[PDB]
Structures are given as C-alpha cells and as structure tokens.
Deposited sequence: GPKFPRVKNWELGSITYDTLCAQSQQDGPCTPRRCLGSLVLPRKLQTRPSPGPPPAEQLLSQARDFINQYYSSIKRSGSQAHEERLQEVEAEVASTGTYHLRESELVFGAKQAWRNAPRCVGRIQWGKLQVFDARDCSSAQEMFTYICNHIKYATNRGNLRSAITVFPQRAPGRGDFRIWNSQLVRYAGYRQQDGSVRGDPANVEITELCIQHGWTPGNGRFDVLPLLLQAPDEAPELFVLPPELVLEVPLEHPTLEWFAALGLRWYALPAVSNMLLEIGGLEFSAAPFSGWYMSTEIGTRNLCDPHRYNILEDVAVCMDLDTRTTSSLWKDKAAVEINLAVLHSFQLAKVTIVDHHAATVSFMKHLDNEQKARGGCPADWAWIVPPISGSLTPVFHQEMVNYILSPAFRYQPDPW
C-alpha cells in the first residue's frame, strides 16, 4: 500500500505515505510502465469535492482547521457553487494554491524554493492589452536587474462556455525560428511554428539566430494580439568561455529569465488557463538541451571543431568534451554578468534536502526521475541514485492544448 523508497548510495529507506493523497490516475498500470512518456494519452459534484478538499488544505496550513472561519468559508463555497455552478478564490487562498502547485510538480528540480514565491493577482484583467501590462511588470520584477526572484501572475480563471485567456507563447521570452532556403532553420527550431504565427498576425521578422519573439496574447473568444517587449526589459547574457578566448566569437547568448507561460494551474477545481511563472535557470537547460540538442541550436560539432577535436569517431568522446565546456561557458557568463543561475550539481543536492524536508512534512514527495536527473553527468549527481515515486497531487500545474 505504501511504497518503499531507497537511496542506493547511502542505504537509507523511507516509505511514501503521501501518495495515498492522490485523487487522479497517472499513465501506468500493473501491466506496463509509461513513466518515460512526456505526454499523457463540471457537475456540481466534481467542483464541489475538489473545492472542499482545497479549502480543508488551506485552513490546515494556517492551523485553524475546523475553526469558525473554516466553517463559514466552506459554506460560502456551497452557496456560490449551488447557484452559479462555480466559485471564486480569496487572494490568500490563491497564494496558497499557487505555492502548493509548485510544491506538487513532479518534474521540477528546484522545489526547495517552493515557499518563496511572489504571486501577482491579475484576475481583474479584461483585455490582451492589460495582459501585456501585467506581463511587463512580471518580467520587470522577476528579473530584478539580474538578481532573479521567483514569481507568478495569475489571470482570469476559465468559465464554462466562454473562451480562455491564453498566452500563445510557451515562454514569455523565446528566440525566433525561421525556416529558410531548404529544410534549414535559422535560430531556435523549437519555435518555428509560433514564429510563423507571429508573422501571420503581422510582425516584421528579423533574420538573426537570437531574435526575441513578440508576444501573442489572447483574451476570451477573440483573435490574439501581437505585442512587442521593450528590449530594455529583456535581459540577455553574451556567452564566453573562461579560458577558450575564441568561444565569445561564436556570438552566442541566452535570456536570463525562464518564464513558462503555456501551463495550466488547477486549484480547488478552478483552472487558470493563463498563469506565467518564473524562477531562474539551471545551467543544463541552456548549456545542454537548448544549445546541444540535435533538434535545437545543435552547436556541438561547431564547438568541437573549434576546439580542434576529432569528430570523425564517437570514441574520442568529442561530444562529451564540447558539452562540458559549453555548459562551463553558460555558468561563467551568467556569474560574470551577475545574473542568477544554478548548476546541476548544486540544484540536485538542494533537491535532496527538499526530499528530506518533505519526508518529515508530508511523508513523501512526487518526483519524475527521468526529468529530475540532469541531461549530462547523471550519475555524478545524487538524485541519480535516489528512487522516486510519481503521482498526481492537487493543486497542480498541467499541460493543456495549444490555442490554434
């Protein structure tokens, strides 16, 4: 009933009793495991139960469970849902639900920070124009001149029948991807599609590898509007190597603020189709995946050649060598430009403390091993040796379909 979780490096053993709190099924069955898959294949009753449960969680957190306010609040919920089929959250509950959602996110290695989160309430938003206003202040606050601060801005919840508020982009800041001559792609191939949708709704494209995309904000049941972020708002870091003086020539750079904007935030049944959040990057996100993925910037061979390595054979480990320097570059740069950044070694060790804190606080922690273990040097980090249990808890961040 309760899984046994073991750390094969130290021999320690814990029992995950938190999983019993899961009210939603994952992708696996006793016949086969689909844990490595990226993507998974209301009546008054539904909303009500979730809402009540969430309200019970909120009052336990403030040590006033069963109290007077707890009672009246549960009643305000029955009351609102009974006559409108739904309800609304008080600002302090919303703040509790957002932090809780981060806490419950199995694929995030930085949850040690879950408690420090600045929540911006933008549920009184009525147009894509206002959205762009809230987004500009989020970026301005989150970036904080390089000394990054975690934050999230919550826009209006979804309402039955009506169109959702949406941020078409998957990150507030993303470089354009332009399909050219042949199958070739200039810039970031992952953003090819969104780049084309931006050109379709106007926008004079650039012809660079690192052109910051415009934003396509959408208000309910209306076509999306294109807005352009003030360049002084979008902080960037030119990449250079601590010893490889020619690395800087490559003209590589990345944005300082990782701001996910494509996920759905579910709290007590309500669903916030638009709620961009941001913390700060872990160096492998940029150094290994963004720059070395074959279907991304794919700069592995370039830096290899420049390093005078033998790309003729795999056994020379030229791939591995270049990947380490490129990652070193990202770390060196950021620290030099005085912008917040965490290396995969420091991040996974803090994640280990997080597991212990959560073991004492709740009896376990939902974790997706495939995502927690970094893209390079997996076993050189402590999480590789740590067993993990994955399950879905609410509040939660979930993936949702693309607007178009």
Quick one: where does the model skip the deposited sequence? 1-2, 44-53
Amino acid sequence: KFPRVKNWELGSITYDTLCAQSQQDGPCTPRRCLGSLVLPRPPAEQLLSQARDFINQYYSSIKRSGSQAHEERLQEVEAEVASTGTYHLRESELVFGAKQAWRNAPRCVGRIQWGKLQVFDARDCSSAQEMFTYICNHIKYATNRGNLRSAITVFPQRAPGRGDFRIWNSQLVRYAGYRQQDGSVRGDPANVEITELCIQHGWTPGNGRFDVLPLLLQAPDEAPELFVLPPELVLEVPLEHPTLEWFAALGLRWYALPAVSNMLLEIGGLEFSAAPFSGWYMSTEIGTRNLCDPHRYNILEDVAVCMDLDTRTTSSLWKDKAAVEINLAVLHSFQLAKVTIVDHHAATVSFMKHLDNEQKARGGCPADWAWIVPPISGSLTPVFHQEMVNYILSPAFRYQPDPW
From here on, numbers count along this sequence of modelled residues.
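In this text, rigid core is short for the largest set of C-alphas that superpose within 1.5 Å between two forms.
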More variable segment, 222-230 or 155-163 [Cα RMS over structures in 9 other deposited structures of this protein, core-superposed]: 155-163
Of the two stretches 64-72 and 51-59, CA positions deviate more in 9 other deposited structures of this protein after rigid core alignment for 64-72
Across the other PDB entries of this protein that were compared, is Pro42 absent from at least a third? yes
Mean C-alpha temperature factor, higher of 45-53 and 353-361: 45-53
Once you work out the mean C-alpha B-factor for both 144-152 and 107-115 from the entry, which is higher? 144-152
Between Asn262, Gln157, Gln181, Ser283, where does the Cα B-factor run highest in the record? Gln181
What's the residue among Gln23, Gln386, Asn390, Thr381 with the greatest CA temperature factor in the PDB record? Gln23
For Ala275, the third of its chain into which the C-alpha B factor falls: lowest
Among all modelled residues of this chain, ranked by Cα B factor, put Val95 in the bottom, middle or top third, i.e. lowest, middle or highest. lowest
For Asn290, the third of its chain by CA B-factor is the lowest
B-factor third for the C-alpha atom of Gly35 within its chain: lowest
Give the position of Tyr59 by CA B-factor within its chain, expressed as the lowest, middle or highest third. highest
